[PDB]
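Visitor: Protein chains in written order, with UniProt numbering: chain A, 2 to 387; chain B, 2 to 387; chain C, 2 to 387; chain D, 2 to 387.
There are 4 protein chains.
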Amino acid sequence: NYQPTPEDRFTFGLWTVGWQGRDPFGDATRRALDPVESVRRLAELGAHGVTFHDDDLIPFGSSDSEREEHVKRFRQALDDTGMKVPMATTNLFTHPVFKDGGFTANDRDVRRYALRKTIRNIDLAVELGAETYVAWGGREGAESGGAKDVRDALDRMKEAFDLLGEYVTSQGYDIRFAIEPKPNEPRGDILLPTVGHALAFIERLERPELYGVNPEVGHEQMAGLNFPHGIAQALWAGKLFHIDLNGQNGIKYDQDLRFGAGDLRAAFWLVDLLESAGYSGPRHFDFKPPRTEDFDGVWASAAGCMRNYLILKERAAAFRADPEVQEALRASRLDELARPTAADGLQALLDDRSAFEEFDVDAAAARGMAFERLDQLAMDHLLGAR
Amino acid sequence: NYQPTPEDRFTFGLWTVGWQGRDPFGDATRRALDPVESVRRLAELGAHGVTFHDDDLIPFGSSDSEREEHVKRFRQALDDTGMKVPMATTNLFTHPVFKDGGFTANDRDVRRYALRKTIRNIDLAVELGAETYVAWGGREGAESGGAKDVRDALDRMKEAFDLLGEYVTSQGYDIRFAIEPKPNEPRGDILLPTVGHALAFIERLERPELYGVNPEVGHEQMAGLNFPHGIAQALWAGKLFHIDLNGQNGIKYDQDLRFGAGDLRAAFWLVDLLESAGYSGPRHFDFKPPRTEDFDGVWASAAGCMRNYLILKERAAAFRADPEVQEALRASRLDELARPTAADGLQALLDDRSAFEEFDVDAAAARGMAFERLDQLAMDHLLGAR
Amino acid sequence: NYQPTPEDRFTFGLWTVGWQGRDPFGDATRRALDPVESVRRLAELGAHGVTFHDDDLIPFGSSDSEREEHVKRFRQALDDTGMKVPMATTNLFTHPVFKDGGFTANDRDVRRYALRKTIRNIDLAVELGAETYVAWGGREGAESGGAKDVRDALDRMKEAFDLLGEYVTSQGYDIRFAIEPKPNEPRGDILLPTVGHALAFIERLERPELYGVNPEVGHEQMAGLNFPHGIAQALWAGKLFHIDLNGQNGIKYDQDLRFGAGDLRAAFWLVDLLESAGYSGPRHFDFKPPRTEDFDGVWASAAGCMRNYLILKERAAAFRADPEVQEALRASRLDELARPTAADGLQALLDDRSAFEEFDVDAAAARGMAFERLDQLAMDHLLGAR
Amino acid sequence: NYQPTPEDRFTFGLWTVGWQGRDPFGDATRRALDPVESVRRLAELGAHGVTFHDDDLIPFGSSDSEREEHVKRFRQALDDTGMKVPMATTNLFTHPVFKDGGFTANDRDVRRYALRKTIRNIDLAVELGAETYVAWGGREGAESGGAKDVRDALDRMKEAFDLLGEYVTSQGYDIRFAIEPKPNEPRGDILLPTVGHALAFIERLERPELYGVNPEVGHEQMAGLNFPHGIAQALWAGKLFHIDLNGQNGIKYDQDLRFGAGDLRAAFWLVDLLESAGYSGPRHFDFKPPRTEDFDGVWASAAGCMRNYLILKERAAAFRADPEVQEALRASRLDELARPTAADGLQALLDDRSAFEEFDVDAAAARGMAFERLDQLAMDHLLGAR
Ligand SMILES: OC[C@H]1O[C@H](O)[C@H](O)[C@@H](O)[C@@H]1O
Ligand SMILES: OC[C@H]1O[C@H](O)[C@H](O)[C@@H](O)[C@@H]1O
Ligand SMILES: OC[C@H]1O[C@H](O)[C@H](O)[C@@H](O)[C@@H]1O
Ligand SMILES: OC[C@H]1O[C@H](O)[C@H](O)[C@@H](O)[C@@H]1O
Ligand SMILES: [Mg+2]
Ligand SMILES: [Mg+2]
Ligand SMILES: [Mg+2]
Ligand SMILES: [Mg+2]
Ligand SMILES: [Mg+2]
Ligand SMILES: [Mg+2]
Ligand SMILES: [Mg+2]
Ligand SMILES: [Mg+2]
Ligand SMILES: [Mg+2]
Ligand SMILES: [Mg+2]
Ligand SMILES: [Mg+2]
Ligand SMILES: [Mg+2]
């Protein structure tokens, strides 16, 4: 009954189940978790692996010796459990030095520091076997219009990513980058605010093939955007390297609810898309167990993430396998959407009097699309009412 | 006192001052305007030119002879007034045949019809001297998840734009395309919903150099996005071919208020950016005089569009010329943002102990950015309080 | 399998299934429906009754004789089918004369006309047996700040409703009023924009007992508000006289999707609340079959409204009857929320050293609320995964 | 040139200029401020007074002796500066014990503790001379639907406020309560989310005359609502006891920008309303100097709050005094909006054939409202372009 196994490729950030519950208006409600205990508890729940920021694993300002002891304890817990580390990232947002950004801070010496902090963790990530390195520029942005010339900032952002690309290729590392967009919070506006802006930016990098996106359900929904649509565009471009799964109730602060909470029907269409397109990357949960919860609630919340994915996967598969749904898809001409508009070419199109001069516009206009019957079949399948 | 001349390059769509005031809940409050009268009235107000959809100028379903008479009357009014036609577009949204889209309609015969309708108006646009051809895919999208496979739809969208690009190059036309994004309305979600998604899509076209964006103030703000930031990214990519100016009060239906209404400070930063970057295209107003207004209100509203642009232009120029502002920009290190992070290169950066090993993180963290003083200087300039 | 009967009290506006599909950017896609056919088709689907604006039933500007013939045909179809008319309303928004409002139009003669148009339809509503009379002030509002002094407008709004209350009581009519809030569209901002503002306004009327609210799912969600929470406040105040059910995907134009579409989990909690509180009024659907649909799609969409209500009703009832859920509610102390804080009174509270001086704040802080386990049980029940 | 004096009644919370810059993703960027220094610095800037939560002034868990020393130091600084304390409030949100609320926490013993903590600070507030006591229920709410029965929670909320009302009247205190609404953050949804919901709730209290609202600019704008409209409804009801001034850029996390930032035109219409209605309460700024700023930026930001109010006050006064504006107000029939619709009464209205039978609907429909000319005059005045 919806039990995960490591083959389902579910992963969690250390910072997720480890969130102590400090928010802008309140103190922590839970004690800190040792990374080692987190790995053990997640392995017992059926997770495939964990992810980390450098500063989750190695307390900021550790000596090189303390650093090695922290990595050794962590590696021992990975070996003890079979857990993998498919993704790593850099914390370029917590420390006060990053208050105006890392890669696009106005101060040049902060920008250089941000690059050196990132490069050091890329080495560690490769050693632990990470395949994707995520960059979330949470502090890259502004609260006021004059504080940031955005063209210069984009120059600085491109420079930083180009330099990281030169570093990995000069080291022969097999790692790819994924940019994680967010429209706002903690800055008033964040640069590269959506999947689309990030995809557009990547095409201006020196080595675009090394970069993709790491979209997050809740972040696109903070702009009121359709998350499955954005994921479809990222797949279409070949750029879906990683994904952050969670829940969000509309346009407000980033809630990071467990996956399946928030917009349930969007979660259904997302799972349908990922499974139909054969996405094979990690199913990563970037979520926060609400600060109302004790530690038993934390693990119930993490378990719920995986459970909801598996239930939705079953319902989406039943939806697509149902002969009556396959018939309704043809009734709505989804098969025709997949056929070329003009494989015959431009000149044939221009000579085709059935496409314009003799096109029966009123007859085509009268045909219903039958979309509502199709959508009610999808509802019936989601609710198990079929 | 803020009087426009044709050198200011202000343009208006025929559909703007010609909007009869029909909304989803009410009938028209104004009679229709003859395109010829609109050209004359706008010329008297100081406008530079007009834009049109095919169906604004030529009633849908006109014979070829009636078509020629409509164009002739229009051309005579352009010659009488000196008005230019810098942009044209296709109406692929009003007629019922486009209820599920034009370029991405599920029905293949509608998609072919949409292409032939567009190609016919490209010819007319070139004859009238338009330099930019805008495409707003207002019906390309969905209300439900199963109605549209977005990867197939993007295939169909790319196919359509590739075919238009083949047509203009095979005809030797000097015209470029601009895609106008909108997140929603009249479809529940529209494909290519923001500037960013449109920029990303263009990079997958066969001839990307022929395509740019036509962002609209209100459309990006319907996603809660920062419009000057999005414009900066479009300029950075070299893709700002055209712009739609209006006003919008936040995340709600597309209001199309006169420019300067809605988010006043965003309008100030937009004008500052366009004028500082040397944007030389038309300043096009895509706005709707509210249906409360009679015809005297329509022309007062159109006049207000141009007036507000000119006032904001004056205030932005005073802001940037003020020595105390130039000093505050240096205090906030905007000059350092414009300098390369690591022109010395990757190896020099890696060897630079001042960038990491000996970087004084606490000292850099203590420096204030002085952004609030800078933003209050900008406020004082906007309000004429200096 | 989820079949409605008239005992379920499902009702539909004539304007819902009768929506021709005209939106701000397109012409009608469906022919008009005769009110008589609509009554017959809805009766066959299992509906309990219909609602109407005066202008849905009687074409605007009909002579008194044509008026009587229209009512007679309608009454004959009600008798033929057994359909009831539980609610009626006035169209104070379509005709151009209402472009600046009805009850709060700046022009006094329009305000008087709006009152006479309303009073005439109250008579008709009582004759057809309506118990609730709805007022949706769709044009009461403004696009700009100086156009409407809101204190004077609220004076005019109170005056209008006070006069309607005097009319019904002087006629001895057994009818109550329900105000339907909406935050925006078609005006830039609408007066009484949410359930809360409407409830507050009612308490200033001369006869508050005659007035309640008619909240609509999508309207509260256009402000990002929690619709079940708002309904709970209306029930708490004793003011839920009527309800408009539909679906909405977040903060954007009013979509009026079929009920169950949009925010599915909000629909579940709404049905749970209405059924648990014993709401006995009509379950009224104010929805628009998308303009992609032909007439077969219209009736499939209407059927889906009722189906989704019945499925959600079953799942909510199973949720509340599940012993493991009843246990989890006690684990989360929902039983304690229902017990008075200080039935012992103020002085006992002040003397109770266990409430402050000797309260163990750290122990109380450590208790988890177990909300995530509870919410996953609700998810499992909604998805039929239990 | 726009210099404040204590007669302008500008006040600041200790928590505003004292915000250390900790947000959900970062550590503090500024050291803590001694309340005494804050009073001195604000007095030098021209402020009239300060406000406080109990826990801003007295560190949580202080002994009764340390408590007295903290109050004594504070009182000495008030006497040294002439600063007043017009408002006080309780912190029922920071400590982990309040993670599920104070007055509406599911645990009864937490609810009793919350009441005793509040009552203790009411005594202190009266001793310092506060006239208004604010309650912001930031933790009263839920992230999930089953966690909170809202009808029971409203029962508990009413019980708490009724008990506070009994306490102040039994002590003979001259203090009034103001409820501060917020739609969300830090809870997923907060009870009483807008001005309207709060006004409606007050009317169910035992002693409604003791309670009013403390609206905050940014909070109503987090629901996309028109803040001047909401303030007008609160004034109309006689319930505007206090106000929180700041800035907010649309629907997103609560930014608490300095007043004048965010929606500039809304700030203009707000100042016009407050000054025209003769609001005489404090002009309180609940704002956060951005964490990019050092202490010089903090005081520049606080100074900007007062400056922007004074500039807007000047522009609104010029707008209302301009004869051409007074003429345009009559052209738009604002004078008619202020006149009764039917002072002649119901029977006269029903007998008046000019109101319906002989009303010229087409003539009334043709009259333009001239709202756009009026709004451009307001724009010209705001920008100093007249
Ligand atoms: O960059 C990795 C992560 O960093 C932070 O935790 C962000 O909140 C999250 O969105 C991001 O994915
Ligand atoms: O495509 C040209 C225009 O068409 C329609 O009028 C749209 O509303 C507008 O946004 C667009 O710019
Ligand atoms: O007033 C009755 C109805 O009128 C209009 O159709 C509105 O769109 C709807 O919201 C309202 O309920
Ligand atoms: O209750 C007083 C204050 O408490 C908190 O600081 C809130 O953020 C603010 O909105 C409120 O006004
Ligand atoms: Mg997030
Ligand atoms: Mg996130
Ligand atoms: Mg993330
Ligand atoms: Mg628009
Ligand atoms: Mg537009
Ligand atoms: Mg446009
Ligand atoms: Mg609606
Ligand atoms: Mg509605
Ligand atoms: Mg309705
Ligand atoms: Mg706030
Ligand atoms: Mg606040
Ligand atoms: Mg506040």
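Note that CB positions come from ideal geometry on N, CA and C, so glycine has one too.
Return the first residue and the last residue of the alpha helix (DSSP H) that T170/B is part of.
Guide: 151 to 172
Visitor: Since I120/B is in the alpha helix (DSSP H), which residue starts that stretch and which ends it?
Guide: 109 to 129
Visitor: Less than 6 Å between C-beta atoms, sequence neighbours within five positions excluded: which residues of the same chain meet that for residue 388/B?
Guide: This structure cannot speak to residue 388/B, because chain B is shown only from 2 to 387.
Visitor: Within 8 Å of any Cβ in chain A, is that where the Cβ of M84/B sits?
Guide: no
Visitor: List the whole-angstrom C-beta distance separating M84/C from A131/C, where the pair is believed to meet the contact cut-off of C-beta under 8 Å.
Guide: Rounded, the Cβ-Cβ distance is 13 Å, inconsistent with contact.
Visitor: DSSP has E217/A in a bridge; who is on the other side?
Guide: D245/A
Visitor: What are the residues in the stretch 290 to 302 of chain C lying within 9 Å of chain A by C-beta distance?
Guide: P290, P291, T293, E294, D295, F296, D297, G298, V299, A301, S302
Visitor: Could you have a look at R316/B and say whether DSSP puts it in helix, strand or coil?
Guide: Assignment of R316/B by DSSP, reduced to helix, strand and coil, places it in the helix class.
Visitor: Once you ignore the five residues that flank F104/A on each side, which residues in its own chain have a CB closer than 7 Å to its CB?
Guide: Within the same chain, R112, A115, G138, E141, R157, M158, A161 come within 7 Å of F104/A by CB-CB distance, once the 5 residues on both sides are set aside.
Visitor: Counting beta carbon pairs with one atom in the stretch 340 to 359 of chain D and one in the stretch 90 to 97 of chain C, are three or more of them shorter than 8 Å?
Guide: no
Visitor: Taking beta-carbon pairs under 7 Å, can you tell me which members of the stretch 330 to 347 of chain D lie near chain A?
Guide: For the stretch 330 to 347 of chain D, the set of positions with a beta-carbon nearer than 7 Å to some beta-carbon of chain A is empty.
Visitor: Check whether the stretch 271 to 289 of chain A touches the stretch 12 to 23 of chain D, counting contact only when three or more Cβ pairs, one atom from each stretch, lie closer than 8 Å.
Guide: no
Visitor: When you compare only the Cα positions, how much space is there between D150/B and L335/A?
Guide: Cα to Cα, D150/B sits roughly 7 Å from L335/A.
Visitor: Taking CB distances under 8 Å as the criterion, tell me whether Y3/C reaches chain A.
Guide: yes
Visitor: What does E186/C reach in chain G if we use C-beta pairs closer than 9 Å?
Guide: The structure shown contains no chain G; the protein chains it does contain are A, B, C and D.
Visitor: Apart from the five residues just before and just after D56/D, which ones in its own chain have a Cβ nearer than 7 Å to its Cβ?
Guide: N92, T95
Visitor: Does ligand 15 have even one heavy atom less than 7 Å from the beta-carbon of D257/D?
Guide: yes
Visitor: Residues of chain A with CB under 7 Å from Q172/B, in chain order?
Guide: By Cβ distance, chain A contributes nothing, its closest Cβ being about 10 Å from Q172/B, past 7 Å.
Visitor: Measure the beta-carbon distance from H198/D to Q21/C and round it to whole angstroms, keeping in mind my assumption that it falls under 8 Å.
Guide: Going by Cβ atoms, the distance from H198/D to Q21/C rounds to 36 Å, so no, they are not a contact pair.
Visitor: Which runs of the alpha helix (DSSP H) at least 4 residues long sit entirely within the stretch 291 to 356 of chain B? Give them in chain order.
Guide: Listed in chain order, they are 296 to 322, 324 to 332, 335 to 338, 347 to 352.
Visitor: For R177/A, report the span of its beta strand (DSSP E) as first-last.
Guide: That run of the beta strand (DSSP E) goes 177 to 180.
Visitor: Are the CB atoms of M380/B and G298/D nearer to each other than 8 Å?
Guide: For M380/B and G298/D, no; Cβs fall outside 8 Å.
Visitor: Cβ-heavy atom distance between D55/A and ligand 7 below 7 Å?
Guide: no
Visitor: Among the residues of its own chain, which have a CB less than 7 Å from the CB of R42/A, if the five just before and after it don't count?
Guide: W300
Visitor: Pick helix, strand or coil for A48/B, following the three-state DSSP scheme.
Guide: coil
Visitor: Assign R354/C to buried or exposed, taking buried as 16 or more other Cβ atoms, counted over all protein chains shown, within 10 Å of its Cβ.
Guide: exposed
Visitor: Hey, is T90/D close to ligand 4, as in C-beta under 7 Å from one of its heavy atoms?
Guide: yes
Visitor: Using a Cβ-Cβ cutoff of 9 Å, what residues of the stretch 86 to 97 of chain B are near chain A? List them in chain order.
Guide: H96, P97
Visitor: Assign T195/D to one of three DSSP states: helix, strand, or coil.
Guide: coil
Visitor: Output, in chain order, the set of chain C residues within a Cβ distance shorter than 9 Å of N250/B.
Guide: The answer, in chain order, is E144, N185, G189, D190.
Visitor: Against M158/D, what residues of chain B qualify as contacts under a CB-to-CB distance less than 9 Å, listed in chain order?
Guide: Within 9 Å Cβ-Cβ: nothing; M158/D doesn't reach chain B, min ~29 Å.
Visitor: Which whole-angstrom value is the C-beta distance of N247/A and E276/A, which I expect to be below 8 Å?
Guide: At roughly 18 Å, the Cβ-Cβ gap does not stay under 8 Å, so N247/A and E276/A are not in contact.
Visitor: Between which two residues does the beta strand (DSSP E) harbouring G14/C extend?
Guide: That run of the beta strand (DSSP E) goes 11 to 14.
Visitor: Comparing the C-beta of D55/C with each C-beta of chain B, is any distance below 8 Å?
Guide: no
Visitor: Does the beta-carbon of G219/D, which I'm using as the reference point, lie nearer than 7 Å to any heavy atom of ligand 15?
Guide: yes
Visitor: Run down chain B in chain order and give the residues with a C-beta less than 7 Å from the C-beta of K149/C.
Guide: By Cβ distance, chain B contributes nothing, its closest Cβ being about 11 Å from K149/C, past 7 Å.
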